[PDB]
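Data block below; observations after.
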Number of protein chains: 2
Amino acid sequence: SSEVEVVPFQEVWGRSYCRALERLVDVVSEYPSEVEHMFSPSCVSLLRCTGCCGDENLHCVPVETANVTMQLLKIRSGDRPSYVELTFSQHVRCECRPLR
Amino acid sequence: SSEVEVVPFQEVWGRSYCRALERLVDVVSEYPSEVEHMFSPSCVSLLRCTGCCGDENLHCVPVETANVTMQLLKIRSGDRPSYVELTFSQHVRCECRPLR
């Protein structure tokens, strides 16, 4: 009864090995340059390549990307709230490759 | 059309609202103090409360935690590789609450 399940090494490794994983990211952070924090929600759910690779010199990178357009509330100090449509980058498939 | 789908505000908000989300985390950083990166995989998949709360004053926190025991490979410069069972903290349910 006090004995817990152990996730086997193969599963552990496979679960955390490089993949397109849903992550919640700060909207403003997705912008190239500084941009005032006037978005609601302030964070969105995007698929981003994540994972370790086992090989030190290797890291998880996208081999295929796409797009997702989301409707957010823009709240700038000086204007009336307004909805806007923003297209964000999506990472569809990932693979371990040579960092640099 | 050549028209793309727009994820409506309600869905966007709900998707990024405080929740227990699978995240890949560095094993060593789950340790209180400094530990040598002697684990393989170096990162594991854990449920972690993540999300924005519509208010800078509120933050996503767990209201329920649990455990997951995983089998990893310990590799120390000096010992022969060896499998070990590591128990990690799991976040089961999450909620937005006042900062600190």
Side-chain angles (χ1 to χ4, degrees), chain A residues 2-26 29 43-55 58-66 89-99, chain B residues 15-33 35-52 59-76 78-97:
Chain A
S2 191
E3 49 221 316
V4 59
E5 162 183 355
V6 177
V7 177
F9 178 69
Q10 297 272 196
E11 212 192 321
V12 177
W13 178 285
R15 193 83 192 190
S16 56
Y17 187 73
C18 186
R19 54 162 160 142
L21 196 76
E22 175 180 20
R23 179 191 183 69
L24 305 189
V25 306
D26 185 67
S29 282
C43 81
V44 291
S45 166
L46 299 169
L47 296 176
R48 289 280 173 281
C49 291
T50 323
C52 35
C53 293
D55 194 313
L58 297 183
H59 68 154
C60 193
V61 305
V63 284
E64 196 189 349
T65 64
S89 156
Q90 284 287 63
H91 294 180
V92 183
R93 289 188 290 111
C94 313
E95 289 203 357
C96 289
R97 297 309 173 84
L99 31 67
Chain B
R15 197 82 194 187
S16 59
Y17 186 69
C18 185
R19 53 193 283 225
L21 191 72
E22 174 173 21
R23 188 212 211 60
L24 300 182
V25 314
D26 183 63
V27 176
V28 164
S29 72
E30 284 298 290
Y31 271 78
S33 38
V35 168
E36 40 185 334
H37 301 53
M38 59 186 163
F39 304 99
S40 169
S42 57
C43 79
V44 294
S45 159
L46 300 175
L47 289 178
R48 283 286 170 280
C49 289
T50 312
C52 28
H59 65 165
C60 190
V61 302
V63 288
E64 197 182 322
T65 63
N67 291 272
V68 58
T69 293
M70 287 181 212
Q71 179 182 42
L72 279 66
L73 182 60
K74 178 158 57 69
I75 304 176
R76 295 220 309 160
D79 314 82
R80 59 167 76 267
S82 205
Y83 290 92
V84 288
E85 291 175 343
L86 291 184
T87 291
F88 297 89
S89 157
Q90 203 69 303
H91 288 185
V92 187
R93 292 187 299 113
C94 308
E95 278 195 13
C96 286
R97 297 305 171 82

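Quick note: numbers below take in every heavy atom, side chains included, and nothing from hydrogens, waters or symmetry partners. In what follows, every chain begins at residue 1, and chains take the letters A, B, ... in the order their sequences are listed.
Classified by interplanar angle (parallel below 30°, tilted 30° to 60°, perpendicular above 60°), the ring pair A:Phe9/A:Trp13 is tilted.
The closest side-chain heavy-atom distance from B:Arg93 to B:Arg19 is not below 4.5 Å. Residues B:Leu47 and B:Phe88 have side chains not in contact (no heavy-atom distance under 4.5 Å, counting atoms from C-beta outward). At a threshold of 4.5 Å between non-hydrogen side-chain atoms, the residues B:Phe39 and B:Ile75 do not count as touching. The closest side-chain heavy-atom distance from A:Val61 to A:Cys49 is not below 4.5 Å. Using a 4.5 Å heavy-atom threshold, the side chains of B:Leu86 and B:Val27 count as touching. Side-chain contact check for B:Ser29 versus B:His37: every heavy-atom pair is 4.5 Å or farther apart. Using a 4.5 Å heavy-atom cutoff, the side chains of A:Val7 and B:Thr69 are not in contact. Put simply, the side chain of B:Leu72 reaches to within 4.5 Å of the side chain of A:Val12, judged on heavy atoms.
Heavy atoms only, all atoms of each residue included: A:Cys53 and A:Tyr17 are closest at O-CE1, 3.7 Å. Taking all atoms of both residues into account, the shortest heavy-atom contact from B:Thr65 to B:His91 is CG2-CD2, 4.1 Å. Scanning both residues, B:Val92 and B:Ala66, for their nearest heavy atoms gives CG2-CB, 3.5 Å. Residues A:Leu24 and B:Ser16 share a closest heavy-atom pair of CD1-O, 3.7 Å.
The CG atom of A:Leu99 lies 8.5 Å from the CG atom of A:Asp55; values are rounded to the nearest 0.5 Å. Taking CG of A:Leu21 as the reference point, atom SG of A:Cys94 lies at 9.0 Å (rounded to 0.5 Å). Taking NE2 from B:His59 and SG from B:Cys96, the interatomic distance works out to 8.5 Å, rounded to the nearest 0.5 Å.
Between A:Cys43 and B:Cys52, a gap of under 2.5 Å is found separating the two SG atoms. A disulfide is assigned to B:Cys18 and B:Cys60, since their SG atoms are nearer than 2.5 Å.
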Derivation and outcome, side-chain contact (heavy atoms from CB on, under 4.5 Å), residues A:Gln90 and A:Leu46: CA-CA 6 Å; A:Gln90 284 287 63; A:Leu46 299 169; 3.6 Å; yes

Candidate pair B:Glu36 and B:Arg76, rule side-chain contact (heavy atoms from CB on, under 4.5 Å), full reasoning: CA-CA 8 Å; B:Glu36 40 185 334; B:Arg76 295 220 309 160; 2.8 Å; yes

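In this structure, B:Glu22 pairs ionically with A:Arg15, as a charged nitrogen and a carboxylate oxygen lie closer than 4.0 Å. Look at B:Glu95 and B:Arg97 and you find a salt bridge, because one of the NZ, NE, NH1 or NH2 atoms lies within 4.0 Å of a carboxylate O, short of that distance. Using a 4.0 Å cut-off between charged side-chain N and carboxylate O, B:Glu30 and B:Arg48 make a salt bridge.
The environment of B:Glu64 atom CD is dense: over 12 non-hydrogen atoms of other residues, nucleotides or ligands sit within 6.0 angstrom.
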